[PDB]
There are 4 protein chains.
Amino acid sequence: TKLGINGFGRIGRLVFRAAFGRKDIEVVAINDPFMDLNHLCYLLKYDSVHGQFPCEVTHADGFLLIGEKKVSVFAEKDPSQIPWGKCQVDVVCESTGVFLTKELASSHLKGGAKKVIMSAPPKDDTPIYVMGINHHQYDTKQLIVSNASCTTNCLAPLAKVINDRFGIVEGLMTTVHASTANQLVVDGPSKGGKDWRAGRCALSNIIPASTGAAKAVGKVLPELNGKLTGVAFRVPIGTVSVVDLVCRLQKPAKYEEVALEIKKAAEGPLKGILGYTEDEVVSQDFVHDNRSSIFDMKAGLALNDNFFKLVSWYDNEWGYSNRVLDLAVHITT
Amino acid sequence: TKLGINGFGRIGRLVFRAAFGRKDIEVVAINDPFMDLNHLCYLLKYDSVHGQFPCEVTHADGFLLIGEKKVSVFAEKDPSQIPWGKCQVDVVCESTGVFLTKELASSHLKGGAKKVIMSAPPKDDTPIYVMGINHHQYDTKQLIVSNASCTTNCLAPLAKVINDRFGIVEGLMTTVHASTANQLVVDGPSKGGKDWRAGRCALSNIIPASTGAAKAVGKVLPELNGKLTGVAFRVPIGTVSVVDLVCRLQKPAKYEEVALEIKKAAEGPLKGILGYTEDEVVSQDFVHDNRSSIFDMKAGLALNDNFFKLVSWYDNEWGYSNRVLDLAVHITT
Amino acid sequence: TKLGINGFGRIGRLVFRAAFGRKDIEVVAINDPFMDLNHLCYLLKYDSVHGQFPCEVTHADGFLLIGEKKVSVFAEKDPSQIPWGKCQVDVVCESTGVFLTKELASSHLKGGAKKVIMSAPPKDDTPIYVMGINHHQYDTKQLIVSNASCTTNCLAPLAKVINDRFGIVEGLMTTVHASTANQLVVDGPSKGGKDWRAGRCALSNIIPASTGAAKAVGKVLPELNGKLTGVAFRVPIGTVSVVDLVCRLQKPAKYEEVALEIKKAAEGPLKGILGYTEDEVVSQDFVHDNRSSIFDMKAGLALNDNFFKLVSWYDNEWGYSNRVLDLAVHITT
Amino acid sequence: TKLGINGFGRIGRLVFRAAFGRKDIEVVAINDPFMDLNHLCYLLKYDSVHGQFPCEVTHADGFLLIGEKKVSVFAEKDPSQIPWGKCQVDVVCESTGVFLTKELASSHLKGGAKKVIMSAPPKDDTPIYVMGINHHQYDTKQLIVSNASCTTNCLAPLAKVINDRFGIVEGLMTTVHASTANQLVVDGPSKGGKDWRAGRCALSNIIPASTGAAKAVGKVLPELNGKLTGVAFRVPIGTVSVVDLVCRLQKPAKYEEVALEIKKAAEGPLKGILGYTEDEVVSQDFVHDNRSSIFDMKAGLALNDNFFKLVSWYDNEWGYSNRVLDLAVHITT
Ligand SMILES: NC(=O)c1ccc[n+]([C@@H]2O[C@H](COP(=O)([O-])OP(=O)(O)OC[C@H]3O[C@@H](n4cnc5c(N)ncnc54)[C@H](O)[C@@H]3O)[C@@H](O)[C@H]2O)c1
Ligand SMILES: NC(=O)c1ccc[n+]([C@@H]2O[C@H](COP(=O)([O-])OP(=O)(O)OC[C@H]3O[C@@H](n4cnc5c(N)ncnc54)[C@H](O)[C@@H]3O)[C@@H](O)[C@H]2O)c1
Ligand SMILES: NC(=O)c1ccc[n+]([C@@H]2O[C@H](COP(=O)([O-])OP(=O)(O)OC[C@H]3O[C@@H](n4cnc5c(N)ncnc54)[C@H](O)[C@@H]3O)[C@@H](O)[C@H]2O)c1
Ligand SMILES: NC(=O)c1ccc[n+]([C@@H]2O[C@H](COP(=O)([O-])OP(=O)(O)OC[C@H]3O[C@@H](n4cnc5c(N)ncnc54)[C@H](O)[C@@H]3O)[C@@H](O)[C@H]2O)c1
Ligand SMILES: NCCc1ccc(S(=O)(=O)F)cc1
Ligand SMILES: NCCc1ccc(S(=O)(=O)F)cc1
Ligand SMILES: NCCc1ccc(S(=O)(=O)F)cc1
């Protein structure tokens, strides 16, 4: 399984990183035009949140070197001009943040790539998949797909398990989200005039933000269509975010029973995707945690037999980056 | 109205500051045994969040000097030993955090103080009052009372207005809360071994926390008893906190109607307590805002006609501090 | 004195705000093409550091409205086209960061501006001035000038006084610097690929940075040319930076005497530019302090009678912005 | 070597951790009365900076269990009451911060411990030892020693190398120091009324601080007595600090040569203690680096052939904790 990476940013680089540890998938090419090979290597060797790269990194003959493996590096603004074909790339991890329609992402297909995974929710009707939730509903005919957002990957397993046993009538979600590259260090104009709040100083603000993440749950779980939505607060934190789902349940239950059901899934049919802790955890405890969702039993509570607050952690960078690789293997195999 | 301050902390010093800009109330006496007079002045003079004290601040003969006015300074650990009576104190602002029961707080009365306000939720059944909400129900025969928490002061006005018109069936609250003095700069043991998470690094964590702030709305508004509770996440922010109320209503509404109902309350009955904004605000926009609650119209949303997320901001330090003075004025006059 | 502003960023907007107060200078025109008018009002009305604009900000018919005062707003990329002459502009504040040569800035003269001040050090041999130091050496024939950097404005007053009285033989400088717009919220590529370190996450890092600011003190004080240089460390701080000057003196001295000579200057001829304190201050105490440099007596020390560490604070945004105005007024009168 | 730990804080817990990977040293007993067993397991297991403990941490029958190995846990305020003798403790890591005196530390010897290491500079005459610089001078008859400060362990190796080769005429230091447990989350009164600035908000401030770490280098390298001193600035950073030495040299040198000397020291006699890099590094890159000092070639510079600014990083927590073990093993074998 040969992977290509378009946009060697936080997601691009950590996807590269997770892929090094996996035997079944291999990175063969990278593209980023805001980055010379000298600069690119620097940014990969050092990382402020996840530590240094697990082995030596040099460049040679326009390639990137990780032991006995060469990796092509390109610097093209236009995806139609990236030579994926010559590297026999099976899947392109589209992680720039600006090619989020079927039309724009199909430019990768023109360059010789077989299939594409947007590392974000699409702006159009592109099919969305969450590993562990609806990934088996994929078929090889779909060449361009989305792996949703980190928040959707955190929310979907939690909702699926609660909905199958108890039945979610309606739910509203809040995610307290770690910092992202779309934000600014000092009050300034946000990109293209959209989302003014995200241009406000990241270091000292709680910043309200819209998200479709919870509304997207209805795409990967049709049954919950129109039954979920939410908002986000961005806060000055390196990585790790948390979802807080307030939902009303059809079948009544104590909080103890809800927790045990989530424990059952995390230990059985959702091992590796959904996790369960009863510890007094805080955000830094999930730095570099590869799961999509870790239910925090003690943070949440119940108002009554039918109204619950359910709390789940996620490393927005690491968890998600591992899911891109899982999906990339799945669609190719 | 002659005020005394026990515990010259974040609340004590900002209570002193607010009272400096009011003619109807003045601080005559201060007690803090963990603070010598030179130290006290220094801490009053400078402030990391709210700037330098708007005044020449000095001391002489054991008195604090704010312009042409002398303030009495004490340093007893036992409140019983503070000569409040000789300073002719009408109300004592109990802002130490360690005298939150009617038995402990009554020693101020034994020191001569006529009345006491607990600047926090009580640990017993001491009466709780929130300006704008139930302060007219105060009986002068009550010598010791509590002004609740900053979070309750934010949530109750919001909940009141919404419940008066639409009726709240149930509700769960999250507050994303700024930093407080019970937290630690690096990972350590929390005082008494209680609330382990709050001992974790304040600078780099999202920290789950319990709170009775929502349950206690039921005390100030009996009609909502058993219908509200919540949780909190602490974040590395200087001041300003935000409440997210997910509530289910009986009378259906569009989001715009709910917003309008809050607007008219804010410009009418609850003017000065509850505020309204449709601007793209972030937390630092409410530093030194003296309102108890500021509804953020564009940050909230509705899922359907009976299920809402309503967002409100508060300067947990400065808002609450002015509330302590309005309650001090009320229970005296 | 009619001022125009090119680039409405941190320095652009803060010059604007500084000017609003003063009765001897006024902003008549603004230009910034990465900013729609509605968005410009938003950035002007709210500030994460210096609080809400002390006045109603609106717009109508393409004009910025401050109360009832109309300010003209353009969105041009070629300063030649900005109609400065139409607005009778005496000085243009060049605060984009990308017109720092004589060739580039002189497009403002062809647009009708009478003179230009660069809000940064120049790339070429454009004359540099610092108020209090060498501003009297400016002659009216010079149409394009520079106000240097915030750091140079901090150091040069301190440098002049120490060298005037004692004689600086050599010296080296570290500034610990607040965060600036050239930095990123998460690890990424810095612009143009210059200074890889500045692209590293700003929230969690101490980031070494080059600075010519200390070498630039030679150009404003020829006598010290070759005898000073230094480096910088960027830290997660909103505003306020500190200079730390290690230096050797020709004539020997005690720390007290050095300190008293700075006190004499700060309360005498350099009043308003160089300040002095013996208080136990921290960076937040100089937020919105309009002086160029404030010497911190207790923070510095001597090793011997010829070798000293001298410490001085500066709000790198506010002090500098006010300096820009002083220069503008000076060069016009 | 059987190690005991009094004070299970940042240094205590990370000393425990480093030992877990060392065969030449083992922890048999811990004392910390501010933290019961359930709480102590939590703090060991989770770490906000260095990640989770790399092992299952549990407890039974009053013992801390790291796998099969049982560790005794006392809760004793009076260090003379700890029964170190019953556990055959060779060395006590005295890392509480409140027993920095021969007389006070010697109460560990009454408990049965053979020897004691102060994890900090002493308040009295106690012998200081930096590994790699002066440790070989230790005599087995000295039962109580100090391992100096993180800052001194960073500057000493550098100063040694520079002085041996070029001759340090005089020097002044500045350290930018990561956050420490003596600071406060919000403006407050520091312990004992000492160091007022350390009580100011850790999250939002650059905070000046005194330090004898530079002067103490003259104690471990007598040739440098009276030639070094300096100051510190605290910044909102989890761990990793930097030293900035401005020094005059007796023999003139090109900066390239000064770097080359440090390189061969780091690859030869000071391998493991003193490090060297030419990479564009930032503070986060040295998290969990076990060296005491990492020279940063590109950060520093020279003013002339005699006057240099030399820059070096250190993980104040992890580097130091590793040196405590080295000293413990050395004073026992
Ligand atoms: N970081 C997260 O928490 C997170 C989680 C899940 C999904 N995502 C999504 O992944 C995407 C990338 O996010 P990120 O956080 O890595 O942002 P980022 O800014 O760190 O990375 C984007 C990278 O793409 C590069 N790029 C820009 N234009 C390009 C072009 N024309 N061609 C090729 N490369 C280009 C940039 O130089 C940059 O390195 C976004 O859509 C984001 O929403 C982010
Ligand atoms: N800061 C907020 O966001 C906020 C908002 C609302 C309510 N409160 C409440 O107000 C109370 C104080 O909060 P704070 O943040 O100001 O805490 P703080 O640490 O800033 O202040 C507590 C002060 O009490 C003093 N003190 C301790 N023991 C004392 C005693 N024995 N006698 C006299 N003084 C003593 C301390 O010296 C300290 O200055 C708490 O109960 C808190 O819940 C805080
Ligand atoms: N903030 C400080 O501490 C400080 C202090 C001293 C000097 N400076 C200098 O002042 C300059 C500006 O810095 P800043 O901090 O305001 O950064 P900033 O990003 O806040 O300001 C730049 C602004 O200029 C605008 N702009 C960019 N290109 C433009 C163009 N070609 N035409 C018109 N407008 C354009 C942008 O919209 C932006 O708002 C820099 O050169 C900086 O070195 C900054
Ligand atoms: N943290 C650093 O960057 C660093 C680096 C070098 C040296 N040091 C030194 O190490 C010492 C400890 O620092 P820290 O950062 O670990 O502080 P810390 O606050 O994290 O740890 C101190 C521990 O001692 C415990 N304690 C208090 N009184 C006690 C008593 N009577 N008996 C037993 N335990 C008691 C506390 O509960 C706490 O857990 C300080 O003197 C400091 O100067 C710290
Ligand atoms: N360079 C900006 C790319 C980008 C755009 C959006 C995000 S998001 O995760 O906030 F949606 C992250 C990064
Ligand atoms: N001195 C610490 C006392 C204290 C105790 C509690 C708080 S709280 O507002 O977080 F509940 C704040 C301060
Ligand atoms: N309990 C606080 C103990 C302590 C005391 C001092 C420090 S210091 O490293 O700043 F000198 C660190 C920790």
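Use the structure listed above.
Residues numbered from 1 in each chain as written, not as in the entry; some residues may be left out. Chains lettered and ligands numbered in written order. Heavy atoms only, no water.

**Q** Would you take a moment to explain the overall build of chain A for this structure?
**A** Within chain A one finds eight helices and 16 strands. In terms of C-alpha radius of gyration, chain A reaches 20 Å, essentially the compact-globule figure of 20 Å for 333 residues. Based on the C-alpha atoms only, the size of chain A along its principal axes is roughly 65 × 45 × 35 Å. Taken over 333 residues, chain A has a buried fraction of 63%. Roughly 12,100 Å² of accessible area belongs to chain A as shown, and the carbon and sulfur atoms make up 51% of that amount. (Helix = DSSP H or I, 4+ residues; strand = E, 2+ residues; numbered from the N terminus. Rg over C-alpha atoms; globule rule 2.2 N^0.38 Å. Buried < 20%, exposed > 50% of the residue type's maximum accessible area, 1.4 Å probe, protein only. Areas by Shrake-Rupley, 256 points an atom, 1.4 Å probe, with all protein chains shown as cover.)

**Q** Where do I start with the site of ligand 4 in this structure?
**A** Residues and elements named next belong to chain D. Inspection of the region around ligand 4 gives 23 residues, with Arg10, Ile11, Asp32, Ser119 and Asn316 positioned closest. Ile11 has a polar backbone atom sitting 3.0 Å from an oxygen atom of ligand 4. Coverage of ligand 4 by the protein chains reaches 82% of its 840 Å² of free accessible surface. For the shell around ligand 4, the per-class residue count stands at nine nonpolar, 10 polar and four charged. When residues of the shell around ligand 4 are sorted by domain, at least three fall in each of domain 1 (1-147 + 317-333) and domain 2 (148-316). (Near = heavy atom within 4 Å. Polar contact = N/O pair within 3.5 Å; in protein donor to acceptor, adjacent residues only side chain to side chain. Nonpolar A, V, L, I, M, F, W, Y, C, P; charged D, E, K, R; others polar. Domains from an automatic or database assignment.)

**Q** How do you make sense of the interface of chain A and chain B when you look at a structure like this?
**A** Many authors give the size of an interface as the accessible area that is lost as the parts come together. With 47 residues of chain A at the interface, the matching set in chain B holds 47 residues. Carbon and sulfur atoms supply 68% of the area buried between chain A and chain B, which totals about 4,000 Å² over both sides. On the chain A side of the contact with chain B, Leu172, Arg197 and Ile206 of chain A bury the most area, a combined 18% of that side's loss. Linking chain A to chain B there are six salt bridges. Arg197 of chain B is the salt-bridge partner of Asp296 of chain A, the closest N and O atoms lying 2.9 Å from each other. Here chain A is connected to chain B by 20 residue pairs in polar contact. Taken together, the elements giving at least two residues each to the side of chain A that touches chain B come down to β9 (168-177), β10 (207-210), β11 (228-234), β12 (241-249), β15 (301-304) and β16 (307-314) of chain A. No other element matches the six residues that β9 of chain A contributes to the side of chain A that touches chain B. Of the residues belonging to the side of chain A that touches chain B, the class tally is 25 nonpolar, 10 polar and 12 charged. (Contact = heavy atoms within 4.5 Å. Buried area = accessible area lost by both parts, 1.4 Å probe. Salt bridge = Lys/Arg side-chain N within 4 Å of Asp/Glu carboxyl O.)

**Q** Could you clarify how one ought to interpret the interface of chain D and chain C in this entry?
**A** At the interface, 47 residues of chain D touch 48 residues of chain C. For the pair chain D and chain C, the interface holds five salt bridges. Of the charged contacts in the structure, one is a salt bridge between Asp285 of chain D and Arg200 of chain C, with a shortest N-O distance of 2.9 Å. Linking chain D with chain C are 19 residue pairs in polar contact, by the criterion used here. Those elements giving two or more residues to the side of chain D that touches chain C turn out to be β9 (168-177), β10 (207-210), β11 (228-234), β12 (241-249) and β16 (307-314) of chain D. In terms of residues, the side of chain D that touches chain C owes the most to one element, β9 of chain D, which gives six residues.

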